[PDB]
Q: 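Have a look at this one.
Note on naming: letters A, B, ... go to the chains in the order of the sequence lines (proteins, then strands), and numbering restarts at 1 for each one. The figures that follow rest on heavy atoms only: side chains count, while hydrogens, waters and symmetry mates do not.
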Amino acid sequence: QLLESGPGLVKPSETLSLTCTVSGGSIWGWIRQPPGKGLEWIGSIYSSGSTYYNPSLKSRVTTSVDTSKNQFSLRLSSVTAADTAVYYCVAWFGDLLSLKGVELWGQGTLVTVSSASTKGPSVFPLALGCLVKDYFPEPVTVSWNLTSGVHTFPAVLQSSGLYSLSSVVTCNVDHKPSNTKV
Amino acid sequence: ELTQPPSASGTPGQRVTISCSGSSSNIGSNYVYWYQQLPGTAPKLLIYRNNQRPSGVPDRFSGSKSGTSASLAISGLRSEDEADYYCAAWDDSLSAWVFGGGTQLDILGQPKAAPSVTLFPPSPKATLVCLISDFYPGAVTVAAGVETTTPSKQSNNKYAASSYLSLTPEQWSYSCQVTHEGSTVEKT
Ligand SMILES: CN1CCC[C@H]1c1cccnc1
């Protein structure tokens, strides 16, 4: 997997920025997936420099590659709620050495477009597990110390517009958008 | 653009085929790619150049293409094959990468399973947390201040949900009733 980075929260009208690390390749590109929807191509840059964008993203996409620093990047300007999605970077290598059809994907980064502020979660003991409540935006990750019998549940969106989730064992809470570790 | 059936299903040990229909400008003149995507993970490339497998991909997956149509074939089906499958190709008239809408492959033969239910009391505020896991099929019913999640598929292809009752500490016995296939369990 490729190391993908960049903020998980962007205000409407501002610019979304993401970066991935990669050594080499032939085509570097970006694909996104709105919640509950299919894969949507954003743009690709080829080793020739030839560059192609999804025409529906009109003049808002800028992609770049810096092979000498082992990275490639996406900027999407003037965002609205329609741009909320999990974004993936993709690097095509193809038939390499003995290896064949190599294509590497970033892990995926959820970007939520919203004018609401980030809010760190309040963590409470369950008795067993932990309750992670009233945070924004997604996601939170929960680890323990232990990997067996651990069940982390998808978050509820409450009427406050804030999320809550619980993790059970049969806790190390991380909220990167607010930079909180409990 | 590229069109796939929205749904497929198969039986463990048996085969399934997933179709992808395009045009002369895409599938007709360019290589078809196939992806498997498990929920909440990156797509994984299964097939490139119409019919070739990347290193590491099981030979249970095969691909072919005739004229303006392409197909992904999967043999020796297993439960873990349950996933969304996408086709993709370069399109000459558009100068764009195009993706199919995806086909959700369900794997049949799962037995009915009653929900595991755990209710936690409150540990300034008060939240009652009802946690529902390991049920099949993926529907449940839970019984002011109630917020209940939609059923989400677990990684083992059973289902989970959580319900949250928000109360003031002054308001705070209480019960979570979980109904699944006519069967209801209470926690208190
Ligand atoms: C060759 N891959 C097949 C489908 C997507 C395509 C790709 C990979 C990287 C950058 N752009 C396009």
Q: Are A:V90 and A:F93 connected into the same hydrophobic cluster when the rule is that any two of I, L, V, M, F, W, Y join if their side-chain heavy atoms are below 4.5 Å apart?
A: no
Q: How close do B:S123 and A:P125 get, counting heavy atoms only, and between which atoms?
A: CB-O, 3.5 Å
Q: Counting only heavy atoms closer than 4.5 Å, note whether A:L157 contacts chain B via side chain, backbone, both or neither.
A: backbone
Q: Kindly write out the residues that satisfy side-chain contact (heavy atoms from CB on, under 4.5 Å) with B:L77, not counting sequence neighbours, or none if the list is empty.
A: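 Expected list: B:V16, B:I74, B:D81, B:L105, B:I107.
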Q: Is there a continuous path of hydrophobic side-chain contacts, each under 4.5 Å between heavy atoms, that joins A:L74 to A:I45?
A: yes
Q: Counting N and O atoms only, with roles assigned by atom type, does the side chain of B:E147 sit under 3.5 Å from a partner on the main chain of A:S159, one being a donor and the other an acceptor?
A: yes
Q: Does B:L128 belong to the same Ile/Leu/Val/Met/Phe/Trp/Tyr cluster as B:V142, with side-chain heavy atoms less than 4.5 Å apart forming each link?
A: no
Q: Between B:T150 and chain A, which part of the residue has a heavy atom less than 4.5 Å away: side chain, backbone, both or neither?
A: neither
Q: With a cut-off of 6.0 Å (strictly less than), are more than 12 heavy atoms of other residues, nucleotides or ligands near NZ of A:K119?
A: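 More than 12 within 6.0 Å, yes.
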Q: Out of curiosity, B:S116 OG to A:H151 NE2, how far, rounded to the nearest 0.5 Å?
A: 9.0 Å
Q: Using heavy-atom distances under 4.5 Å, tell me whether B:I47 contacts chain A through its side chain, its backbone, both, or neither.
A: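 Neither; nothing under 4.5 Å.
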Q: CG of B:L94 to OH of A:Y52: how many Å apart, nearest 0.5 Å?
A: 13.0 Å
Q: Working to the nearest 0.5 Å, report the span between SG of B:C130 and CZ of A:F153.
A: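 Output value for this atom pair is 9.5 Å.
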Q: I need the B:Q37 CD to A:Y88 OH distance, nearest 0.5 Å.
A: 4.5 Å
Q: Chain A heavy atoms under 4.5 Å from B:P43: which part of the residue, side chain, backbone, both or neither?
A: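 B:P43 touches chain A through backbone and side-chain heavy atoms alike.
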Q: Is any side-chain heavy atom of A:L131 closer than 4.5 Å to a side-chain heavy atom of B:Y164?
A: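 Heavy-atom side-chain distance check passes, below 4.5 Å.
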Q: Within residues 58-70 of chain B, which residues come under 4.5 Å of chain A, heavy atom to heavy atom?
A: none
Q: With side chains defined as the heavy atoms from C-beta onward, is the minimum distance between A:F124 and B:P122 less than 4.5 Å?
A: no
Q: When you group the ILVMFWY residues by side-chain heavy-atom contacts below 4.5 Å and let the links chain together, are A:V102 and B:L46 in the same group?
A: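 No, no single cluster joins them.
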Q: Closest approach of A:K37 and B:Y86, non-hydrogen atoms and distance?
A: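 Looks like O-OH, 4.0 Å.
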Q: When rounded to the nearest 0.5 angstrom, what is the spacing between OG in B:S55 and CG in A:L96?
A: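 The distance works out to 9.5 Å.
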Q: Under a 4.5 Å heavy-atom cut-off, does chain B meet the side chain of A:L104, its backbone, both or neither?
A: neither
Q: Please classify the contact of A:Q1 with chain B as side chain, backbone, both or neither, using a heavy-atom distance under 4.5 Å.
A: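 For A:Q1, side-chain heavy atoms alone lie under 4.5 Å from chain B.
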Q: Quick one: are B:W97 and A:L39 in side-chain contact, heavy atoms under 4.5 Å?
A: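 No, side chains not in contact.
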Q: State, with a plain yes or no, whether a side-chain heavy atom of B:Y35 is found less than 4.5 Å away from one of A:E103.
A: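 SC-SC contact between B:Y35 and A:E103 confirmed.
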Q: Is it the backbone or the side chain of A:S166 that comes under 4.5 Å from a heavy atom of chain B, or both, or neither?
A: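 A:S166 touches chain B through backbone and side-chain heavy atoms alike.
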Q: Quick one: CZ on B:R49 to CG on A:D95, what's the gap to the nearest 0.5 Å?
A: 4.0 Å
Q: Under 4.5 Å heavy-atom distance to chain A, tell me which part of B:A161 shows up: side chain, backbone, both or neither.
A: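 When you check distances to chain A, only backbone atoms of B:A161 fall under 4.5 Å.
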Q: Do you know the tightest heavy-atom contact between A:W41 and B:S95?
A: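 Closest pair (atom of A:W41, atom of B:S95, distance): CH2-O, 4.2 Å.
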Q: Minimum heavy-atom separation for B:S162 to A:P154, with atom names?
A: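 Between these two residues, the closest heavy atoms are OG-O, 3.8 Å.
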Q: Who among A:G29, A:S164, A:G106, A:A127 has the most heavy-atom pairs with chain B under 4.5 Å?
A: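 Ranked by heavy-atom pairs under 4.5 Å with chain B, first place is A:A127.
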Q: Taking A:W105 as the starting point, is it possible to reach A:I42 by hopping between hydrophobic residues whose side chains are less than 4.5 Å apart?
A: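 No, A:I42 does not connect to A:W105 through the hydrophobic network.
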Q: Taking all non-hydrogen atoms of both residues, which atom of A:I31 and which atom of B:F99 are closest, and how far apart?
A: CD1-CZ, 3.7 Å
Q: Can you find a heavy atom in the side chain of B:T118 that is under 4.5 Å from one in the side chain of A:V168?
A: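 Result no, sub-4.5 Å side-chain heavy-atom pair not found.
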Q: Where is the tightest heavy-atom contact between A:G129 and B:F120, given as atom of each residue plus distance?
A: N-CZ, 4.4 Å
